[PDB]
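Working through the structure, step by step
Listed below, chain by chain, are the residues.
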Amino acid sequence: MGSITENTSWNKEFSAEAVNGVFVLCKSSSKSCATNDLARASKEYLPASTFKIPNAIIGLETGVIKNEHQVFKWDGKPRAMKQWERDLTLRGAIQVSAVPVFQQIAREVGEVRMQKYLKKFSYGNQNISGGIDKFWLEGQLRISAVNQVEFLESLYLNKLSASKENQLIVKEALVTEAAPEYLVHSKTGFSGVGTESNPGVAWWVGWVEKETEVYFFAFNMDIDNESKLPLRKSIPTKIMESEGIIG
Amino acid sequence: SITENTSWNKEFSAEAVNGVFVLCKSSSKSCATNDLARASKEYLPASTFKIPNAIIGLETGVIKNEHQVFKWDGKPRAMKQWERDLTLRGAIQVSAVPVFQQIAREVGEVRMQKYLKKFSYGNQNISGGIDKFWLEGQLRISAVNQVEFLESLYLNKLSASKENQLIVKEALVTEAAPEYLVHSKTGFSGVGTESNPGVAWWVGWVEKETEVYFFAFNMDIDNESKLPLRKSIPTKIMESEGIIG
């Protein structure tokens, strides 16, 4: 990014919901970012299902995922969520955050290749230790909000170390809201409710295309109560609405 | 193969609309329609032509890339919504004719003819002005041919790079929900002349679960107040089939 500046008035939306968290919003043309909290914008947290973005790119690059029309068949064996108990396309698996589909992808990619691509992508602390199918959910991998926006900008510009085709496939799968005047690409994550004195993390990251501008965003918050989960979208939505970008 | 479903006419009769809907599950080899004859009748594509024109612009390099900005020169355009810089998606979404007129001029007649041949696009007749053949010229395409063309695009089987097909696909997203994605494009030739109605279109496809549905709708129109029916009639039919909504 070009610059970052703190805007403490955004804490308004956090205080109203009694949330500890951070929002980073970057405008592409002015190479400028704003955040409610510079310190928290640099703090690093488990990516949880936001990791499906690099995992999908890596799956395609290595040939583990054939293309955007591949169907991931459900075997009929019970899964942790009802929503996952069905055949899924890549978009379907990303959209419902189908953990077991991406655990199998990670296993087939394997540690050496996974390490290589996280280095190429400058993805967080690049620490994948403690189970190839677990690192982004309960392992040692950590990434900051600033690093998420850097990574997403590279994806948007097709500048990651992957084919343009594969970057476009994943970008297509990340669309979550379409309007005549704006398009939103985004991904949620939630690590769980954590333990005593150790909250989980919830994320919403993505980008908005409006007019000829592009805005990259990353939100995270501490969470110890599943009932608070919708705040991961409502707080950043309120901020972007106030900025005139969506709504 | 095209199968008639008489019951779909109820949605047209209610509005006194003359038109056709073609809906195909999985592939263009299995289509349903309210009217066999009109399904294959050819009409001016109007701004549905922005689909092939964007692909051709990318293939020829006239559109340099996914992120090009089409600058407004500050000179009057026929709609205020076109009087601004636009991206490729923005120009498609507001149907910014003058952006695509300049693309067509730079593609040129020789290359435009070549690509419409490769794409099997309607009657492939571009005569009538390189910057207006799809609006007032002799080009004609049917609902069945629109679904075949869209299926090829979906499958990345047009004579174009997969990259360029993917770029145009993203520019066509018009509704995103957890359960389904709609890609689509409208068209409207105008109100026609006496005894010669204009045509309005909505064409596209729906990705739902692991299925895909291709669709094309057209209708005769001679009053702009009827224009919303181009979306509402096919939306009602697709909601009735349980595909969207």
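1. Some remarks on the overall build of chain B
- Within chain B, the regular secondary structure consists of 9 helices and 11 strands.
- For chain B, the C-alpha radius of gyration of 17 Å lies close to 18 Å, the compact-globule estimate for 245 residues.
- Taken along its principal axes, the extent of the C-alpha atoms in chain B is 50 × 45 × 30 Å.
- Across the 245 residues of chain B, 57% fall into the buried class.
- Intrachain contacts of chain B at a sequence separation of at least 6 include 61% that bridge at least 24 residues.
- When the accessible surface of chain B is summed, it comes to about 10200 Å², and 46% of that surface belongs to carbon and sulfur atoms.
- Taken as two groups, the 29 positive and 29 negative side-chain charges of chain B have centres that lie 5 Å from each other.

2. Some details on the UniProt feature "active site" in chain A
Residues and elements named next belong to chain A.
- Residues given the UniProt feature "active site" here are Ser49.
- Locating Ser49 in the fold gives a position in the loop between β4 (44–45) and α3 (52–61).
- Ignoring sequence-local partners within four residues, the contact set of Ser49 consists of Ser97, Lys187, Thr188, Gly189 and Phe190.

3. With respect to the sheet that holds strand β3 (residues 32–35) of chain A
Residue and element names in this part refer to chain A.
- Read across the sheet, 7 strands follow the order β1-β3-β2-β9-β8-β7-β6 without closing on themselves; strand pairing throughout is mixed. For this open sheet the edge positions go to β1 (3–6) and β6 (175–178), each flanked by a neighbour on one side alone. Strand after strand, the sheet turns through a mean of 20 degrees between neighbouring axes, direction not considered.
- In the sheet, β1 pairs with β3 via 4 bridges, with the strands oriented parallel. Of the residues in β3, the one forming a bridge with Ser3 is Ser32.
- Contacts between helix α8 (residues 145–156) and the sheet are confined to β1, β2 (21–27), β8 (200–210) and β9 (213–223), with β9 contributing the most and set at about 145 degrees to the helix.

4. Focus: the state of the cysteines
- Applying the stated criterion across every chain, the model contains 2 disulfides over all chains.
- The disulfide partner of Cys26 of chain A is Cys33 of chain A, and the S-S distance across this bridge is 2.0 Å. The disulfide joining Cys26 of chain A to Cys33 of chain A has a torsion of about 105 degrees about its S-S bond and is therefore right-handed.
- The exposure class of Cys33 of chain A is buried, given its relative accessible area of 4%.
- Across the disulfide, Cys24 of chain B is cross-linked to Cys31 of chain B (sulfur-sulfur distance 2.0 Å). For the disulfide bridge between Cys24 of chain B and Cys31 of chain B, the dihedral angle about the S-S bond is near 100 degrees, and by the sign convention the bridge is right-handed.
- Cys24 of chain B gets classed as buried once you look at its relative accessible area, which sits at 0%.
- You can call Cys31 of chain B buried: its relative accessible area is 4%.

5. What to know about the packing of α3 of chain A against helix α6 (residues 111–120) of chain A
Residue and element names in this part refer to chain A.
- Remark: α3 packs on α6, axes separated minimally by 11 Å, with the N-to-C direction vectors making an angle of 120 degrees. Comparing the axis directions of α3 and α6 gives the class oblique. The chirality of how α3 crosses α6 is right-handed. The residues of α6 that touch α3, namely those facing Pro54, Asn55, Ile58 and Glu61, are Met114, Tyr117 and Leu118.
- Considering only residue class, the contact of α3 with α6 consists of 5 nonpolar, 1 polar and 1 charged.

Procedures and definitions
Residues numbered from 1 in each chain as written, not as in the entry; some residues may be left out. Chains lettered and ligands numbered in written order. Heavy atoms only, no water. Helix = DSSP H or I, 4+ residues; strand = E, 2+ residues; numbered from the N terminus. Rg over C-alpha atoms; globule rule 2.2 N^0.38 Å. Buried < 20%, exposed > 50% of the residue type's maximum accessible area, 1.4 Å probe, protein only. Contact = heavy atoms within 4.5 Å. Areas by Shrake-Rupley, 256 points an atom, 1.4 Å probe, with all protein chains shown as cover. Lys, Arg positive; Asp, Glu negative; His and termini not counted. Charge placed at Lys NZ, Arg CZ, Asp CG, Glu CD. UniProt positions renumbered as here; feature names shortened; annotations may be inferred. Pairing = 2+ DSSP bridges. Axes fitted to C-alpha atoms, helices over the stretch in contact; angles between N-to-C directions. Disulfide = S-S within 2.5 Å. Parallel < 35°, antiparallel > 145°, perpendicular 65-115°, else oblique. Left-handed = near helix turned anticlockwise from the far one by under 90°. Nonpolar A, V, L, I, M, F, W, Y, C, P; charged D, E, K, R; others polar.

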